[PDB]
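Read on for two forms of one protein chain; each stands alone as structure tokens, with the labels structure 1 and structure 2.
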Structure 1
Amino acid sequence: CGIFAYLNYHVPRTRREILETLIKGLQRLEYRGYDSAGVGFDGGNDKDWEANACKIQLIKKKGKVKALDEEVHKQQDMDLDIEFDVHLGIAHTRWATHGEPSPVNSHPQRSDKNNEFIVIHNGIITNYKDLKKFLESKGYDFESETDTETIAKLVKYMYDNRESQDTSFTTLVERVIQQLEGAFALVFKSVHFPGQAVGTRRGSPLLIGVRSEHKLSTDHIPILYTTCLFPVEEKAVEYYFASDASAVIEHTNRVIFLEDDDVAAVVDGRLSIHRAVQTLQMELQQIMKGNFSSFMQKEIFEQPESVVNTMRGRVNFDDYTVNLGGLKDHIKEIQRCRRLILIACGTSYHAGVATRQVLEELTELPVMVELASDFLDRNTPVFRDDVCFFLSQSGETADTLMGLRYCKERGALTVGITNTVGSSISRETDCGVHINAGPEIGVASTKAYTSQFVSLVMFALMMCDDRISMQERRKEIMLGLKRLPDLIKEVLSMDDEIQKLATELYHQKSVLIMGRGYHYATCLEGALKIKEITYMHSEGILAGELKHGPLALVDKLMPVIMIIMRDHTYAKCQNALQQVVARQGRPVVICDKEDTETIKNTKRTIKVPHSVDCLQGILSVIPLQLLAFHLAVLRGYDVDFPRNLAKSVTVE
């Protein structure tokens, strides 16, 4: 679910320049949802733009944004030549987790057949049923099955029952949000208020970009209960409502990050907040594929760089020092606690499984790793002396965020491992670490996993920096981190060999990925990737659990991938490999280069370079990232837009 609108005040833009800016913004947000899309702009074909703000046009269509960009064009009624000196256009791409992704269920919604109020909504209204009944009794007919329509039919109810003839648009929206429950990020547009936009939020992101060749009046809009942000001397200004910074960085790097219950409004081209204007620390290059055919491919092959950015200014190899600035004012108190709890979903949960063993080694504390959804279902006991970690690339996952607030209520020290500054999880955690992996566009997490991995390793290195007995072990790990980027490059150089393997598996229905110890997480994450983008039925199986049932599923026809690395479980893994073979299995073994024994007795082997036992998981998962990528291409699927879902689960 993404939001984008374009308000050009006294900046002449033709109807083709605004429609091509609305679509260009949705593409920046398409990875957050691509089941449907829509736009809402001014209609009418009058040369004088002032005689057209009373007619609203909605173009919504099923499919990605490319299905909408083609529905906007080749229209016989919309003349794409009218010059608009003041105009407001709202757009929205939708992740349809329920119901059909039909044009009626897409946004912007409408309050009536004449489109007096259209709204784009991100989130859920937890009481849209009671609001739908109240509105149906007063004489409002509903058309869609979404919860967003109860916001459009309600802003018109506050307008049809206003006390004065000139009630500000803010007042109409302020009365609506007072009847809306749950979370929402809204951007309204009405014919009665031509050119005026209103942007309120509550538990959902929403920022306002600004671009103007003229000086701005202030650099800190004062909240209300010498006041508005507007260009000095002249009126030319361009605003960019958006639920993300990627859709705004392309045009400007001056945004206003609203807060919960802040009702922003642009009236006569002046932005006022009812109830900061900072620069963005992002470059446009960070959200571009570059020379890669897909964001996922880029983000996999850039892992040597993102790993380095994660350690930048934090790891000093000349003296073997680890300093995480985000934990400077808390590391001492974290060490007085008695238990570590890692809470996350999906791939972020796998990062905790991947580092659980080393955290237990270097901190000597119990480490519990919990899936957020199940953590909440069970009402897990949490205590004042627990340290609870929350791994979230987006920093907005609903279940992970609920676990955070759950633990905070019980007095635990909360730590965030996030990749999005200013995100809910990052803000509401007591402390934490920004993994500095850069924007992740592909739906499937690749560099986020390995960067979370490295981040939790550095934390462990801090927790034992005062133990004489562990000094040697710390050097081993840190030397491994120094060599890790180049070893990742060595793994990426086997891309062709991985692609060849994919041609031998793309036709199969299932594949079992097996590992243990440090590589339990590897086979779980690999099985998840193959599920998500190739749609093969891949399942991770703890190697030690084969003999207890799952081994019965193995025969000469069942594809099997095993991970056998040079650590303390090598012998146990060799035993599991012998089991798979005795059952007639013909497995592909991800093993170490020097592992001559395995390489000789196995036809298909992916030989990764050696590393420290607690870092090898980073090198063993990358082949599975690549394998899923190639399998998806062979089966004819888009690796950046897998089916049935999108990126970041910000609604439960």
Structure 2
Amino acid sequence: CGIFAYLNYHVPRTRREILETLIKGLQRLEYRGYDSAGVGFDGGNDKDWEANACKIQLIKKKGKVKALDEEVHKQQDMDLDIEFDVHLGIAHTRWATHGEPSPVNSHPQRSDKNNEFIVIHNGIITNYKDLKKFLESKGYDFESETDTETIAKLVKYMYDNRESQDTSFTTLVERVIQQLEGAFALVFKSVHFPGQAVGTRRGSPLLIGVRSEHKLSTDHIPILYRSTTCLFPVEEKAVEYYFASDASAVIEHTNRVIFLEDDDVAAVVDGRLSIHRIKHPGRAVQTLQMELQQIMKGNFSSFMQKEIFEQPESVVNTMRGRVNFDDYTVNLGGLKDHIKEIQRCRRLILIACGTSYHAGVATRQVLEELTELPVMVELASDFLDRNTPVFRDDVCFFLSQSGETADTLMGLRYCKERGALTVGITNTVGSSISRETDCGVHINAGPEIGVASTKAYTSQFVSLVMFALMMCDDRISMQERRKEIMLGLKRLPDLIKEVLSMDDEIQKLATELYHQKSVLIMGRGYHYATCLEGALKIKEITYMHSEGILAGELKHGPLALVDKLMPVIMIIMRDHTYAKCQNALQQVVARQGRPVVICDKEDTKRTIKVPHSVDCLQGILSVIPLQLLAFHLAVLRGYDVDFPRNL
């Protein structure tokens, strides 16, 4: 789950400082549920650090990182005051899967009883059964039940069979990954290559942060196959490197990062960073706009609560630099090039999973309205199962907060093979979907740390609307509609705040459903997505059977569930479907239903009155009371909203 390594090269740090840095990185990567963490570093208490680089020491522990930190400072014969001019430390937090949680099964995994090679690993090796046999036949005995130990044992096998006494650490890892199958991100450390690090990935994210008070030789590292050919400080040697599986563990130290790509072998040798391959392409040193405050709870007791209540801000962040209300223009920079190509295409296909799919349903109508193109919205897993027909004049959008969901990513590659124009709507710089799409939009909602999608849904929503507004900016007959929608976006942050000020009314509703085992959420049109997304939130966070029902489908069967006992929530807004929803309401009440109504500004039982906005934006306001409802219900029932129950 979480990888972190800290390499100080001619930046003196005490053993304490190094360990504090490693512990701190794991906390950035530590999400609720992890149950195994460890650190690897140079042992020995020789005042001169150059003699302690032949004893790798491991401290691994089951439980939360807090427990690891206590074990660190709780070491008998370990002096934390030794200063290292050069040192590499690696760290890992995990959610034990393959084996049972235990100190042995925690990372790093070692190559022998003297820790000649150690590795931290994110992912799974498919052929790990076969590899363990090949090494055992060569005498290597295993101590863990994890697939990671095979990696540590295999790199020593390559070392034990090297042709020359100076075969590079890179060459060894190159030979290792060539024998691995599956997905992995790896960081290696060895006594035979003191101060050096090797990081490589295949289908699992791995990035490198860099920091130095000196000028760096380049901002675009060229690839070396098997002058400024590598990255290094120019004035002096001092530099710091940060390997990590997520930017959250690097951003507090530096915002200059390199995102590795599949089969890259990045190595730090003599403090200089190079990137090797076997196959002028290069890897860019880029600046992240992320900042530490964005991954902290602040004054909120949970990340779910923070991300719900900060949606006024995240919606604004989504629009910053992209909307101009002075002259009613929208400019998504990532699409200003392909914008005219897109309009020459004949169909829009939105492909996503879960809540990201709900964002497509939530904006499908306005996309049809403003683009006038057919809009198909697909669940990624079903899209793949059916081998859906795709053509060269299709424009395919891929909605993904993480930018890594397997089905959404495989759908992307499916559509690229067939020649379709691909567009990524993501919330994670460097992610796979953001790279492999022809173009894309970063929704810029800030990191989503909570288990459930809250601000990501609303920012995706706003992003797709902004795209719809770009697609009709040349239509005279639509100028008024664009103006109306855009003045809605202008007012939206304050309308969200207005909804959040009704939190007390949502708590009251939560206590009325406290003991209920089901609830039906009914909507149609613009609020079909709203009732589907609310039902998912209440399933995922509250663990009760909430179900979204298309209002127009009631009389076709589902209405049989309505009686005096079945809780019902109906979304009834003042748009063109208003009279129809009034009909559905009369149908529910006719069958002894006592429903709660989320209705528009100044429209049977309790009513949650949200403010009135443009019809194609109401979904953003109407889903928030459902977000809060799931939150408050879970809190009432003693659940930790930040502790996932999916796994």
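Residue indices: 1-based, along structure 1. Superpose the two forms; the largest set of C-alphas matching within 1.5 Å is the rigid core.
> Inspect the rigid-core superposition and answer whether the C-alpha of residue 528 shifts by 2 angstroms or more between structures 1 and 2.
Comparing the forms between structures 1 and 2, which are aligned on their rigid core, residue 528 does not shift its C-alpha by 2 Å or more.
> Once everything's superposed on the core, is residue 91 shifted 2 Å or more at the Cα between structures 1 and 2?
For residue 91, whose C-alpha is compared between structures 1 and 2 after core superposition, the shift is 2 Å or more.
> Look at the chain as two rigid parts and give the angle between structures 1 and 2 through which the smaller one rotates, in °.
Between the forms, the smaller part turns 18 degrees against the larger.
> Once both forms share the same rigid core frame, by what distance in Å has the CA of residue 260 shifted between structures 1 and 2?
Core-aligned C-alpha shift comes out at 1.1 Å.
> Could you tell me how many Å the Cα atom of residue 173 shifts between structures 1 and 2 when the rigid core is held superposed?
The alpha-carbon displacement, core-superposed, is 3.9 Å.
> Once the rigid core is matched, what's the CA displacement of residue 379 between structures 1 and 2 in angstrom?
Displacement of the alpha carbon, after core fit: 0.3 Å.
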